[PDB]
């Protein structure tokens, strides 16, 4: 099952909702992640270039897909097939971002 994260659009994109599969994949409970930027999932072997591409896409509110190395709460690495998209209203304002995670280890 794939994880889902919803973040606010502004102000460094704090998490506002996660589904159950997010906890299955990452080992974090909702309480442990709400209000935080998702970058706590990264760690020392995460590819910096990939991170850069995410950062640039989010700042532009452009959809992006990447395979990124992430880490469970306990420190166990896993490969995340990650897809992020803005949620826009019909005037084009970005209301949120949604990300989908699949553990492809």
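Residue numbers count along the first chain shown, from 1.
Please compare 86 to 94 with 18 to 26 and name the stretch with the higher mean C-alpha B-factor in the deposited structure. The recorded data point to 86 to 94.
So where's residue 72 on the chain's Cα temperature factor ranking, which third? As the PDB entry reports it, the C-alpha B-factor of residue 72 lands in the middle third of its chain.
Is residue 61 in the lowest, middle or highest third of its chain when residues are ranked by C-alpha B-factor? Highest third of the chain for residue 61's C-alpha B-factor.
Classify residue 52 as lowest, middle or highest third according to the C-alpha B-factor given in the PDB entry, relative to its own chain. Middle third - that is where residue 52 ends up once the chain's C-alpha B-factors are sorted.
Quick check on the deposited entry: does the C-alpha B-factor of residue 45 sit in the lowest, middle or highest third of its chain? Highest third.
Please place residue 102 in the lowest, middle or highest third of its chain according to the CA B-factor in the PDB entry. Middle third of the chain for residue 102's C-alpha B-factor.
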